[PDB]
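This is what each chain is made of:
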Amino acid sequence: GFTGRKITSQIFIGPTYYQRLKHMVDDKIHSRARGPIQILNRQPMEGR
DNA sequence: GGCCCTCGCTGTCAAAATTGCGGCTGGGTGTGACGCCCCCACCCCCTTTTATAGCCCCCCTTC
């Protein structure tokens, strides 16, 4: 697709059924500089 | 004093059972939630009356 040259090997290509899973990167990304702390431990809380 | 045996006691090794402890790292959703029996104060209803009226039980009457 970039240079327009033929690929020397011959790619195996065809229609295949794919599924998108609920495991999505926007539901998983998580960061924390400084936030709320626990009532008992005074340590950072559990989970995003 | 010295040789030889059986015996009782504390003791020991061994077998057997009894018991405190452990069981990966981390992450993301969601969902939901005492009683028994007695004793002691205090209050309500028992009764009388009446006005008042809607409601309802009881007995009578109809066919």
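Residues numbered from 1 in each chain as written, not as in the entry; some residues may be left out. Chains lettered and ligands numbered in written order. Part of a larger assembly, values for the part shown. Heavy atoms only, no water.

In the PDB archive, cryo-EM is given as the structure determination method for this entry, at a resolution of 3.1 Å.

**A short note on the overall build of chain A**
Defined as follows: We count a stretch as a helix when DSSP gives it H or I for four or more residues in a row; a strand needs E for two or more, and each element gets its number in order from the N terminus. Three labels apply to residues, based on accessible area from a 1.4 Å probe with only protein chains included: buried if under 20% of the type maximum, exposed if over 50%, partly exposed otherwise in between. Each accessible area is a Shrake-Rupley estimate made with a 1.4 Å probe; only the visible protein chains count as cover when residues are assessed.
For chain A, the count of helices and strands is one helix and zero strands. Over its C-alpha atoms, taken along the principal directions, chain A stretches across nearly 65 × 30 × 15 Å. Counting every position in chain A, which comprises 48 residues, the buried fraction comes to 0%. About 6000 Å² of surface is accessible on chain A, with carbon and sulfur atoms providing 55% of the total.

**Regarding unusual backbone geometry**
Backbone geometry places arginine 42, a non-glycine residue, at a positive phi of 55 degrees. Mapped onto the elements, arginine 42 comes out in the segment after α1 (25-28). In this structure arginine 42 comes out as exposed when scored by relative accessible area, which is 63%.

**Focus on a nonpolar patch on the surface**
Under the convention used in this document: Residues forming no salt bridge and having over 30% relative accessible area are the ones grouped into patches, like charges within 9 Å of each other and nonpolar side chains (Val, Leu, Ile, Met, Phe, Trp, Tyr) within 5 Å. The term salt bridge refers to a side-chain nitrogen of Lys or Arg lying within 4 Å of a carboxyl oxygen of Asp or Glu.
Nonpolar side chains collect at one region of the surface, where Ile7, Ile11 and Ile13 lie side by side and expose about 390 Å² of accessible area between them. Checked against the element boundaries, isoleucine 7 lands in the segment before α1. Here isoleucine 7 falls in the exposed class, since its relative accessible area comes to 60%.

**Some thoughts on the environment of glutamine 19**
By the secondary structure assignment, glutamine 19 is in the segment before α1. It is 32 Å that separates the C-alpha atoms of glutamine 19 and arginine 32, two residues lying 13 residues apart in sequence.

**Things to note about the environment of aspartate 26**
The topology assignment puts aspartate 26 in helix α1. Considered as a pair, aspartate 26 and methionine 45 are 19 residues apart in the sequence and their alpha carbons are 20 Å apart.

**Quick notes on the environment of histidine 30**
Locating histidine 30 in the fold gives a position in the segment after α1. Between the alpha carbons of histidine 30 and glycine 47 there is a distance of 8.5 Å; along the sequence they are 17 residues apart.

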